[PDB]
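A.B. asks: Here it is: the structure, laid out below.
All Cβ positions, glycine included, derive from the backbone under ideal geometry; neighbour counts span all protein chains shown. A short reminder: the numbers here are calculations on the coordinates, not readings from a lab.
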Amino acid sequence: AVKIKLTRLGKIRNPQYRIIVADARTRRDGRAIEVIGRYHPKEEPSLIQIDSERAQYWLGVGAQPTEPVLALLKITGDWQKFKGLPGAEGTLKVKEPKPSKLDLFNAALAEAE
Amino acid sequence: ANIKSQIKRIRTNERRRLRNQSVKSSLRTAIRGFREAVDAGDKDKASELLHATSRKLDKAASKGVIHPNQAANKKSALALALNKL
Amino acid sequence: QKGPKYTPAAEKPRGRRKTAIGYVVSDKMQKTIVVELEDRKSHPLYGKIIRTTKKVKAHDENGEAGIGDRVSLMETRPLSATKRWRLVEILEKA
Amino acid sequence: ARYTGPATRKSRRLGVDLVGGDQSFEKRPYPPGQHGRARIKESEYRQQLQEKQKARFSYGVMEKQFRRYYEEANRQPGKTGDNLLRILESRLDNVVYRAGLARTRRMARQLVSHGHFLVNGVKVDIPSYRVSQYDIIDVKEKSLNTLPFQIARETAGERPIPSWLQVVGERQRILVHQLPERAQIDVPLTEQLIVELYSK
RNA sequence: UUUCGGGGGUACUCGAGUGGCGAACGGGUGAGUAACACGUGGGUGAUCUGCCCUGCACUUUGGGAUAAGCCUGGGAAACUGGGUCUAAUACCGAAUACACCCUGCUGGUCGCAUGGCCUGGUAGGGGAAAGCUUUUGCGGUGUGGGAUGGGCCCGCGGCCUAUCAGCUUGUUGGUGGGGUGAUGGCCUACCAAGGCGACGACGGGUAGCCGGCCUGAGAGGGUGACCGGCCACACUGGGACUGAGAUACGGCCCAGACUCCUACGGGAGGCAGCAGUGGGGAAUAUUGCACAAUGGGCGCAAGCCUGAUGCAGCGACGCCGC
């Protein structure tokens, strides 16, 4: 059975994962058929990217997500779109962008004068 | 020898081997009888011997004792041997 | 409402088997001829173009190919040990 | 590690003043030790090495760090000399010193290492920290009233603040417009000699 | 329910047992191997694929046992014999299937020759299944198509040695058989006398291969530690069995060496898994913590297992920073 797993990357303290499609018999860090997203739980909103069409294709041929990957697929709405139960709603909480350094630079300059 | 599942599998593999051996011996006997009948040169006894042997062959293929391709090869060979005679 | 009871397979284009042109150097075998294939690569270090020769064994049913004829071959599944080519036709006799 | 021994020794040996306003170097501008008066043999290697020692004892950078800096500067698509000079100038302690907030580079390094500063809203105590464009370096509120910053904030008439830096706040904020170019660096010595030495 | 010795029921639950799935992955090592082992690119009209996804059709009918239990025997032990008794999704007979397999005739079509395709048509023969559970309910069989994982064949590429010039007799080709998932001297009977080699066969030595790593201006040279892929092996040497899949590390059989038990009749074992011990050496670590995260196996699930893994301990061993 081909499965949609999470392989581990990053250094010791900070695990950063890749959402890979691979056979269930291969090791965690083995060769991957495809890479269809990444997942970084160390961030405050825990960035999640999933390539929707490839995920749809791999679910269509019958890949089985693991529990963390199933949770992620529900969050991004891909799982619901594949099934069709509540609709395809994006529940993804994207990280709030940080203002530019130039904005703060001019703000400080204006605050000086 | 050290793990419970291994000992259980020893027993179960032995029993499976006994069953498979019986089925294969029966198939070999049927083939041998049919070959002897064809060697004799008479058609009718060869005919329903071929029928019974083909039935035994694909019935053993269903049991999983032999691969379906093997049953197909054996049936084709026997039928061609009869047809040639 | 019901799905079809038969699902035709998705068609797959056929592959391209390797072909070669060579000279017959031996026909002492039944249905078998030995062909001489020449390759011209470049030296990996010194850059000069080097001509190398290689022998393959082809299969011709009727044995219409004599020694010295430019014949054409096409690859095939192993017909015996060492036999992997099939004679297509004789380009020019000699 | 760090170099803690006498500072005047290096100035005397290298033939130039590195602190900037030291009287001992003027009193005796010759190398230290018993044989500080002997004539020297001339060698290109000696001149290149002394230039490198000048560079890395002005900024207080050890040899391994200096070699890393040279590799980084050579790798960059500019030219090696000014790339190395700009990398050296972009250090946090050097920025603090050139900002008029420290009398000497050593005390700037000491202040930075003690975490008296704060870059971009987050405490930084790393003298080797490199400063990028539009960087705001601030003194944390607790240490604003300390005597070092006091005498730094009431003697703002010393060495001019270079163009690429600008103190904007009465609390002595520092703004970095862009990384300095070779024209505005205003440093002793010759970068070409260092480049020649490190290609040997 | 009780005499406090306990006795019955339950099925919440569960030792042992039958049954299923897993155990072929994961983890280790680099001995062998100069080879289609590896890298790269193809071919398979010459092929298999459990679990997973998705169409279609089914899930009919009958039977005989046996583990466990109980009684009893042998043996030092390992272990084992007999009698009686019981269940199944264990095992077995038949019906149906005509989607499938085989055979004969026959049509069209595409070729890259054997041939392939149109589930072509047509005549004959034939091939299965299993129930459980009231709760998000799980299952069984055949067959079409996907997906994954393979197998086999081939071009090219990467060591040193003629103070190693001849080598080969299933060896080279054919035919008929056999065998295999599959082609093929893979095996076999007969027939023919071929096949390879100075473009280095046949011998000898050394060696796991690669992405990469180090060096160098580059070309090149050296290398294959960590991490990642493939191969090979699991005390030594052979062999098959079960299975969708086996070099079967913690399976089986035999032979051997070694270590241990023995009532001398006979038995047991395999750290190149994680720690650890002895030895060799210039030299290389803890008989640690946790399934909290990721991956895996079984289970409807809760859950269970996981020295994989995530961490910690030790060593300036290295890089980086102070």
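A.B. asks: Once you mark the trypsin sites (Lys or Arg not before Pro) that are in a DSSP loop and have at most 15 other Cβ atoms within 10 Å, what is the longest gap between them in chain A?
C.D. replies: A:43-92
A.B. asks: If the cut-off is a Cα-Cα distance under 28 Å, which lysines reach D:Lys27, setting aside same-chain residues fewer than 8 apart in sequence?
C.D. replies: The reachable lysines, counting only those whose Cα sits under 28 Å from D:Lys27, are D:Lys10, D:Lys41, D:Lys52, D:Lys54.
A.B. asks: Return the FRET efficiency for the residue pair D:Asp186, A:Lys95: r is the Cβ-Cβ distance, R0 is 45 Å, and the value is rounded to the nearest 0.05. Numbers along the way, then the final one.
C.D. replies: On the way: r = 42 Å, r/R0 = 0.94.
With a Förster radius of 45 Å, E is 0.60.
A.B. asks: Give the residue list of GluC sites (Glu not before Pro) in the stretch D:47-100 that are DSSP loop and have at most 13 other beta-carbon atoms within 10 angstrom. Kindly include the intermediate steps, with their values, before the conclusion.
C.D. replies: Numbers: sites: D:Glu51, D:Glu63, D:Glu71, D:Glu72, D:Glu89; in loops: none.
When the GluC sites (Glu not before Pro) of the stretch D:47-100 are filtered for loop state and at most 13 Cβ neighbours within 10 Å, nothing remains.
A.B. asks: Please name which of C:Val24, C:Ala94, C:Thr76 has its Cα lying farthest along the dipole of chain C towards the positive end, using unit charges on Cβ (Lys, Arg +1; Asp, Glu -1) and the Cα centre as origin.
C.D. replies: Working it through, the farthest residue towards the positive pole turns out to be C:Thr76.
A.B. asks: Any idea which of A:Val69, A:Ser46, A:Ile12 is furthest toward the positive side of the dipole for the stretch A:1-95, if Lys and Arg beta-carbons carry +1 and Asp and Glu beta-carbons -1?
C.D. replies: Checked the options; the winner is A:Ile12.
A.B. asks: In terms of Cα to Cα distance under 14 Å, which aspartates and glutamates are near enough to A:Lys81, apart from those fewer than 8 places away along the same chain?
C.D. replies: Cα-Cα hits under 14 Å: A:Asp51, A:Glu53, A:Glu89.
A.B. asks: For chain B, what does the relative contact order come out to in percent, with C-alpha contacts under 8 Å and a separation of six or more? Each step should come with its number before you reach the end.
C.D. replies: Details: 40 pairs, mean separation 23.1, N = 85.
Computed over chain B, the figure is 27 percent.
A.B. asks: Once label points are set 7 Å from the Cα along Cα→Cβ at both A:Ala108 and A:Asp23, what is their separation, rounded to one decimal in nm?
C.D. replies: Label-label distance for A:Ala108 and A:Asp23, simple model: 5.7 nm.
A.B. asks: Could you work out the Rg to Rh ratio of the protein assembly as shown, with Rh taken as the Kirkwood radius (inverse of the mean 1/r over all Cα pairs)? Could the numbers behind the result be given before it?
C.D. replies: Numbers: Rg = 42.6 Å, Rh = 34.1 Å.
Using only Cα positions, Rg/Rh for the protein assembly as shown is 1.25.
A.B. asks: I need the semi-axes of the equivalent ellipsoid of chain A: take the C-alpha gyration tensor, multiply each eigenvalue by 5, square-root it, list largest first in whole angstrom. Could you put the intermediate results ahead of the total?
C.D. replies: Working: eigenvalues 249, 72, 21 Å².
Value: 35, 19, 10 Å, ordered largest first.
A.B. asks: Further question on the same structure: Efficiency by 1/(1 + (r/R0)^6): what FRET value for B:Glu48 and C:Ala81, r their Cβ-Cβ distance, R0 = 45 Å, to the nearest 0.05?
C.D. replies: The pair B:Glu48/C:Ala81 has a calculated efficiency of 0.60.
A.B. asks: Hey, which of these cross-link pairs are over 28 Å Cα-Cα: B:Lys84/C:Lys5; C:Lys48/D:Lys200; A:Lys42/D:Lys79; C:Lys28/C:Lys93?
C.D. replies: Working: B:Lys84/C:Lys5 38 Å; C:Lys48/D:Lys200 38 Å; A:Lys42/D:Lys79 40 Å; C:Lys28/C:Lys93 18 Å.
Over 28 Å apart, Cα to Cα: B:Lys84/C:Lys5; C:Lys48/D:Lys200; A:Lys42/D:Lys79.
A.B. asks: Pull up the cross-link candidates among the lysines for B:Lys56, meaning alpha carbon to alpha carbon under 18 Å and not fewer than 8 places away within one chain.
C.D. replies: Result set, ordered by chain and number: B:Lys24, B:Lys45, B:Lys74, B:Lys75.
A.B. asks: Which percentage, to the nearest 5, of the DSSP beta bridges contained in the stretch D:109-200 is antiparallel? Don't skip to the end; give the middle numbers.
C.D. replies: Values: 10 of 10 bridges.
Antiparallel: roughly 100 percent of the beta bridges in the stretch D:109-200.
A.B. asks: In whole angstrom, how far apart do the alpha carbon centroids of the stretch B:11-59 and the stretch A:67-87 sit?
C.D. replies: 55
A.B. asks: What number do you get for chain B when its Cα radius of gyration is normalised by 2.2 N^0.38 Å, N = residues?
C.D. replies: On the way: Rg = 17.0 Å, N = 85, 2.2 N^0.38 = 11.9 Å.
Compactness ratio reported: 1.43.
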